[PDB]
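>
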Amino acid sequence: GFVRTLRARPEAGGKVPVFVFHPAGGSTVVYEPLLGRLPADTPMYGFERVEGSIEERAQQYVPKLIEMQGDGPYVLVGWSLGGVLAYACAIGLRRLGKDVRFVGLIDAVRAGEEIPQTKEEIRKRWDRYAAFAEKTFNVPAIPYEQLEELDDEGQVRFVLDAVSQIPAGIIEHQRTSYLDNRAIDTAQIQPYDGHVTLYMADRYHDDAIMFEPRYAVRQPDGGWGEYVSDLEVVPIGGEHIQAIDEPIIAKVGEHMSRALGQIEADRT
Ligand SMILES: CCOC(=O)c1c(-c2ccccc2)oc2ccc(O)c(CN3CCCC3)c12
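Right, dumping it as structure tokens:
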């Protein structure tokens, strides 16, 4: 289904599992280096891509989380889109009376300026995209009227259909990566009253900034302060793309290992 077992929990008992959520355009295999930097016998399960708005995705994840972990305690972690997903699940779990003890955002940083969801923005985005298409491929008027009334999924299907009028593996990977990135853009963040740990790199990587220049700037709280009063930021430096890998992930893992140790002691 959509649950990957990175490290299975014992048949009974054992430590609290870490649930990780996939990043934009990738799977949860990317959390293996993190897993290497967490305490021994820490179980880990990864939740992979599902369809819908952030809230719709969480509506699919949360029942599964509960089936696997019951009342809690819940440790929810994510890099890239995975961060927003972990957070949405945190809100859903807390609303149903569950015990969420840790939410780990791994450089899941909001654009430094809000990205509006307006028809003007739709037009600016696709104008930007058309221009790069011209330059990258050495190659007309953009049918804005039809695009404005399509959602993101509809917009890319329209552009891809108009394009064919490229092999499927490549189209599918560009498609889901594009939609997962837009899901980050259009996420409507709700407030959460539990503790959030935000691991913060210095900047988005250049390719990220080229697609959406508002990611060139980040606030110090990464845009989460207004939604999260109990917010901790753990600066890790480097770029967004590097935050998930060795050696920077060692810094994340060392800190996160301390948090897990406290959760384990409290149960004891
Ligand atoms: C090379 C990295 O490309 C992307 O980040 C994005 C992609 C993408 C497309 C095809 C293949 C891979 C990625 O689509 C986007 C749509 C909106 C948007 O704001 C972003 C920018 N990101 C950066 C921070 C979150 C949004 C992207």
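Going letter by letter, the sequence shown gives residues 1454 to 1592, 1595 to 1620, 1625 to 1727 in PDB author numbering.
The beta-carbon is built from N, C-alpha and C at its ideal position, and this holds for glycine as well.
As a quick exercise: from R1677, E1705, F1500, pick the residue whose alpha carbon is nearest that of residue 1778.
Nothing can be reported for residue 1778, as the shown portion of the chain is limited to 1454 through 1727.
> Between which two residues does the beta strand (DSSP E) containing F1474 stretch?
1471-1474 is the span of the beta strand (DSSP E), which, as asked, contains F1474.
> Hey, how far is the Cα of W1683 from the Cα of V1655?
For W1683 and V1655, the distance between alpha carbons rounds to 9 Å.
> Tell me the residue span of the beta strand (DSSP E) that contains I1559.
Looking at the DSSP string, the run of the beta strand (DSSP E) that includes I1559 is 1553-1559.
> Closest to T1458 by CA distance: which of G1466, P1626, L1488 is it?
The shortest C-alpha separation from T1458 is found at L1488.
> Is the beta carbon of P1526 sitting closer than 7 Å to the one on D1494?
No.
> Could you check which residue in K1468, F1585, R1554, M1497 has the C-alpha nearest to that of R1460?
Minimum Cα distance to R1460 is reached at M1497.
> Assuming contact is defined by CB atoms lying nearer than 7 Å, are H1714 and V1693 in contact in what I supplied?
Yes, these two residues count as a Cβ contact at 7 Å.
> Below 8 Å on the Cβ atoms is my contact criterion, and I expect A1543 with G1653 to pass it. Report the Cβ-Cβ distance as a whole number of Å.
About 6 Å separates the two Cβ atoms, so the contact holds.
> Measure the beta-carbon distance from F1472 to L1549 and round it to whole angstroms, keeping in mind my assumption that it falls under 8 Å.
Actually they do not touch by this definition, with Cβ atoms about 16 Å apart.
> Using a strict less-than 6 Å threshold between each residue's beta carbon and the heavy atoms of ligand 1, what residues do you get?
Those residues are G1478, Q1633, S1636, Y1637, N1640, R1641, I1643, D1644, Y1663, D1666, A1667, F1670, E1671, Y1674, given in chain order.
> Is the number of C-beta pairs between the stretch 1696-1710 and the stretch 1635-1645 that are closer than 8 Å three or more?
Short answer: they don't touch.
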